[PDB]
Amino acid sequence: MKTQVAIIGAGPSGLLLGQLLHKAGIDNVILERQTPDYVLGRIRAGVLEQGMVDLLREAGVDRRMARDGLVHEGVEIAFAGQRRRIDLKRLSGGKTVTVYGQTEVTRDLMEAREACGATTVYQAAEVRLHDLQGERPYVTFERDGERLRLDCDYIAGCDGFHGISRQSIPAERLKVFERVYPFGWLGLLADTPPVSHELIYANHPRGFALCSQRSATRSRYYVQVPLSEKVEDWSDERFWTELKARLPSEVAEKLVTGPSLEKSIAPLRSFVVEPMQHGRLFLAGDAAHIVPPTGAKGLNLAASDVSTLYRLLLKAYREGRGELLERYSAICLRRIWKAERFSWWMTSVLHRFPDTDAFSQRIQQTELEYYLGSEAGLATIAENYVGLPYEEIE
C-alpha cells in the first residue's frame, strides 16, 4: 500500500492538509485512531482568523461556512464593572474574525473528502512510524486485526498533543518549552440564544468568565475553575449562578439559561517543541504546540502550519524542490511564538491567579486600563486578535 503523503490524524489539521494536497493532485492517506463519530463529538474552537477563513476557501470547503458563520467586527472586555469594546475591524485595518464551530469545520472537510473519494482509514490502531530518516519511510497500523503497511515519501504528523508523531522523534533532538496554568476552563454549550452579539471576555474577582456562541440559537460559555474540580461537581444551575455572578449586572440580567448540551473542563497549557520536524516527518497543529484558549489561536495556528507545509510540499513535488522543506520549522515558529506570547498575555490579564500579592493585582488592572484606553494599546490587542499575517516563504 503506497501514497505520497501519509497523514496521521483526521482532525481539522490532517483533513485540511489532506484537502489542500488533493486539490493539487498530491496523493495522501489519512489515519485516524477514532471513529468519524468520536472526532465529531469534540466541541472546541469557535473563533477563526481571516487567514483560516481564506484557507478554507482555497480548499474549496467554504460554502456552509459563508452561510452560517458569523463575522464579528469587535469583541468586548469587561473588568471593574465596565465593558470596553475593541473595534477589531477599525483597529486592524479591515480584518475581522468569524465564529464558526470547529465541529462544523471538521464536518465540512469530512464531507468534501468523502465526495472526492480520497483514502481515509478510521480506527487505525497501533500507528507506528519507521525509517524517518531514510529515503523511503513507512507507517504501520492494524485495521481491525491485520497489520497493514503504508509506504510514503513524507509523513505529516497531525495527531494532536497526545499523538504518536512527536513521540517518534528522538527525545534528545527536541527542546520543549512549557507552562502549566494553575486553573482550567469549565465550558457549557446550550441551545439558548447568546447574551450578546459579540464575545465578552470578563475579568472578575471571582475568576474569568467568557460569553461566546456558535449560532443565533446556540451558546458557549466558560468560567475559570481551579484544577481540583471535577465536572460532575457542576450542575447546570451552579454554572449559571456562577456565570451570572462573574458578569456585569446589565448582562447577567438578560441571560437566557437552559440545560447543557455539553459540559467539559479544559486545563490551560502553553507548549512549544523546537524543531517541528525530523527527517521526513513534519509536525503540525497541536502535535507541535499548545496555546491556552484565551487568545483563540490554537486551531488558527494549525491552519498556518498546514498552509506552510502544503505550499512547501508543492514546491518539492511539482517543482522538484525538496531542499525547501528544511525551512518549515524556521518559518512556523516565528508565527508560533508571536501567537504564544499573545495568548499568554491575554491569559495573564484576564484570569485570577492564586498566590497574587497586592502589587501584581494592581499591575493587572492597570494593564487592562492602559491597553484598553490607549489607541495604540487597543491596536496591539486587535492586530493580534485578528491574527498576524502569514509569511510568504522563500
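Each residue number is its position in the shown sequence, starting from 1.
Enquirer: Can you tell me which stretch has the higher mean Cα B-factor, 77-85 or 256-264?
Expert: The deposited B-factors put 77-85 ahead on the C-alpha mean.
Enquirer: Taking only the CA atoms, which stretch has the higher mean B-factor in the record, 86-94 or 202-210?
Expert: Result: 86-94.
Enquirer: If you compare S196, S168, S219, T294, which has the highest Cα B-factor in the entry?
Expert: If I rank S196, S168, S219, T294 by C-alpha B-factor, first place goes to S196.
Enquirer: Can you tell me which of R173, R128, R280, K244 has the maximum CA B-factor listed in the PDB entry?
Expert: Out of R173, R128, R280, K244, the record gives the largest C-alpha B-factor to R173.
Enquirer: Please rank the C-alpha B-factors of the chain's modelled residues and tell me whether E274 sits in the lowest, middle or highest third.
Expert: Its C-alpha B-factor, which the entry lists for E274, ranks in the middle third among residues of this chain.
Enquirer: Ranking every modelled residue in this chain by its Cα temperature factor as given in the entry, which third contains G25?
Expert: For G25, whose C-alpha B-factor we compare with every modelled residue in the chain, the answer is the highest third.
Enquirer: When the deposited Cα B-factors of this chain's modelled residues are ordered and cut into thirds, is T103 in the lowest, the middle or the highest one?
Expert: Within its chain, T103 is a middle-third residue by C-alpha B-factor, going by the deposited values.
Enquirer: So where's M52 on the chain's Cα temperature factor ranking, which third?
Expert: Middle third, going by the recorded CA B-factors of the chain.
Enquirer: How does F177 rank on Cα B-factor within its chain, lowest, middle or highest third?
Expert: Ranked within chain, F177 CA B lands in the lowest tercile.
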